[PDB]
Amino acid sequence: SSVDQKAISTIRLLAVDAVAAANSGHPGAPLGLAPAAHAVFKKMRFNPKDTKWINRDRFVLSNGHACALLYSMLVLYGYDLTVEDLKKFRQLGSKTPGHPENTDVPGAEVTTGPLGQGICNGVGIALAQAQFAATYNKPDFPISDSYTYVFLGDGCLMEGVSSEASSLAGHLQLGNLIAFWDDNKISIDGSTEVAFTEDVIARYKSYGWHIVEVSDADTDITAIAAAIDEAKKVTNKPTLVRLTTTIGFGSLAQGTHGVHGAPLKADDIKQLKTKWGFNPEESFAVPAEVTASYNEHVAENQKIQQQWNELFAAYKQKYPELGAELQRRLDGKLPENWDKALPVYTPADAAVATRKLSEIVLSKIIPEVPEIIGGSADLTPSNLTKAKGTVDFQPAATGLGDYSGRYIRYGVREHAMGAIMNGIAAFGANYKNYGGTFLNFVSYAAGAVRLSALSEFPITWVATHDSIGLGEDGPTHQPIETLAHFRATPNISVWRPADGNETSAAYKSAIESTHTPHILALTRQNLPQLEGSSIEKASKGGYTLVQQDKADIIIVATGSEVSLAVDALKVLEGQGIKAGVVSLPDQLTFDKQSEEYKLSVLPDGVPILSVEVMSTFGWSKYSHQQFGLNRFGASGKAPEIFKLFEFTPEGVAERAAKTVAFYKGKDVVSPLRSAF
C-alpha cells in the first residue's frame, strides 16, 4: 500500500538511474509503466530461481526500448540479475543490453526492440500454452494453466505484424493472452495525433478481443489488478487492457517526446527522488521493504511450483504414457530413434518435387514426434505442409479444429507467422514448429526471421516454390536475393535439398535443432533421385556426390541445380573434360564441419564452379567462378525460363569449359583458404 507506492517509486528510479549511468536509453515508458509492471508481476506466477518452470506465467515487453523497466523488475525479484548489472546498463558485455535478449538476460522470454515483434511472440506463447494444455491436462491435473502478459506501445500497434497476429489471436479465441497498451499518446515524432488517430479499441473489438480500459494507469494499480481479474474471466477472447499513462510520469518533461529516448537531466532526477521520498544524492536505491514484499510473492510462487512438481509426479503415476512423454519433452530430448521414421530413397525411385518430399517427411514424423506442430500462411495445398488425418489448431467452439490440433491456419500473414513461431519455440517443452509459404514471401517476415537467428530459436520455414522453377507466376514470385539474404544472416541454416534423401537430412537437422532456425528451400517442380545421396552424407551440409580423382573441375550446386550439374558432367565428358560434383544442401552446416572434412569436399588444385539459379552472393566462399541468376525472372513455362538463362546441361558445360580454360597454367587453391 504505502509499500506498493514505494515499490513503484523504486522501479521508476532504478530505471532512470540505469539510463543515467549509461547516459543512453529510454526513461519515458519505464516511468509510465512502473505501476502496471508492479501490478502485473504481483499477479504473475514465476520462480526467479527456475526461469524454465513450464507452468510459469510469461511476460513479454514488446516495447523493448523500455527494458530498464524489465531489468528493474528482474533485479527486484531476485532473478540472476543484480543492481551491479543495472549499473552496467547498455555497456559492452553486460547482462543489461539496450534491448532485451533472451540469450543474455535471465527472465527475458524473447528478444524485443524491433517493434511489433513481442506482442506476436506473446500470441505464439499463448498458442503453445493452449495446445500444450489441450494435449496434457486431465481431470484434476491442470498441468498447464498459465497466462501470457504482454506490454506494448503505440509503435507496436502501428506495425502491421501486430495487426496480423491480433487478427489471428482473436480468431483463435486465446483467452489466456492479456495484453496492455501503453496509451501515452507519444511516439518519437511527437503526439500520436500526427500519424496514429485510429480508434485502436474499436479495431481490437473488430478482431474479437475483450477490452478493459484503465483511465488513470499512472496511479490506479487497483484498477490494473481488477482488469487482470476481469480478463481471466473472459476465457474465449484475448484481452487488451488500455493503460492511459503519462510518458515519463513524474519528470519535469513528462508527456513529451523528449522523455522517450534520452537520459533525463540531473536536476530532473533530483526532483523525482525528493517528490517520492528518496534521497536525491543516492542512485540505485532498493528499500528493504520493497525487497521483502517482493520476496513474499516469490516465496508464494515457489510454493506453487513445488505443488506443481508434486502434481506432475502424481500425473506420471495416473497417466504413465503421457507423463513419460511430458518428462522427455521437459528434458529437451526427442523420442528415441524418432529419425527411423525419416523416408529414404534410392536412385531407382521416381522423381518428386521437394515440396512433395517435405509433405511425405511430415506425414511420417508428425505421428512419431508430438512436439511438432506447424502451419502455412494460406498455402497449405501448395506448400504441402499438412499431414493427412491431422486436426487443425482451432477453438473447439468453431467446429473447425481443437486446441489439441497440430496444424495452424495462419492466413496470409507471413510476418506474424514468423514471430508466432518464435513465441511457440519460446514456450519451450521441446516444441519444434514450422511455417509454410513461398520462399519469395519469407521476405515479408524478415523482421521476425532475423530474431529467430538472434534469439537462437529452432523454428523452421517450409519455403516452397524456391526459384524460376515455379514458372508462370513470374518474377514477382521468383526468388533471386532471398537465399543470399538469409545465408548472410548469422545463425540461419538454409537447406536447399536436391532430392528425397537430402530432404530427410534437412528435416533431421531442423527437428534436432535447439539453437538454430532453419529455412527449407523446396521446389515446385519434380527432381530426380540422385546417385550418391544419403541422409548421412547430406547431414554434413556439403558432400561429394560424384567423386572424380583427376577432375579438371568440380561443380558445386544445391537443390534443383545438382541434377543439372550431373547432366552437365555427361556433356563435359563428351568434350574431354572430367568433372566432379559437390552437393551443398546447407552452407551453415557445411561451414561447421572440420577444416579437413571441408577440404575433402573442396580441395586445392582444381577449379570450382558454383551453379544455383539465384544470386551469386556468398558463393565465392566455396567456388572460384559462379554461375547464378543476378537479374529478375520471367513469366513462362519453367523449362523455357531455364533455357532462356542457359541453365541447361550445355550452358553449364560451356561455363565449366571456360572455367577450366581461365585457370590453365594458374595455381589454384581451395576457396576455403584465406589470409586470416
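Note that residue numbering begins at 1 and tracks the sequence as displayed. Note that the rigid core is defined as the largest set of C-alphas that superpose within 1.5 Å between two forms.
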* Asked: Looking at C-alpha RMS in 6 other deposited structures of this protein with the core superposed, is it 456 to 464 or 373 to 381 that drifts more?
  -> 373 to 381
* Structure fact -> Returned stretch for higher CA RMS in 6 other deposited structures of this protein, core superposition, given 383 to 391 and 301 to 309, is 383 to 391
* Which wins on mean Cα temperature factor, 107 to 115 or 343 to 351? -> 343 to 351
* Per the entry, higher mean C-alpha B factor between 372 to 380 and 282 to 290 -> 282 to 290
* To do: Could you tell me which one of 356, 203, 318, 465 shows the highest CA temperature factor in the PDB record?
  => 318
* Asked: Of the options 502, 198, 183, 567, which has the highest CA B factor as deposited?
  -> 567
* Against its chain's modelled residues, does residue 644's Cα B factor rank lowest, middle or highest third? -> highest
* Asked: In terms of the CA temperature factor given in the entry, to which third of its chain does residue 144 belong: lowest, middle or highest?
  -> middle
* Place residue 62 in the lowest, middle or highest third of its chain's C-alpha B-factors, as listed in the PDB entry. => lowest
* Select lowest, middle or highest to describe the third in which the CA B-factor of residue 159 falls within its chain in this entry. => lowest
* To do: Using the B-factor values recorded in the entry, state whether the Cα atom of residue 223 falls in the lowest, middle or highest third among the modelled residues of its chain.
  => highest
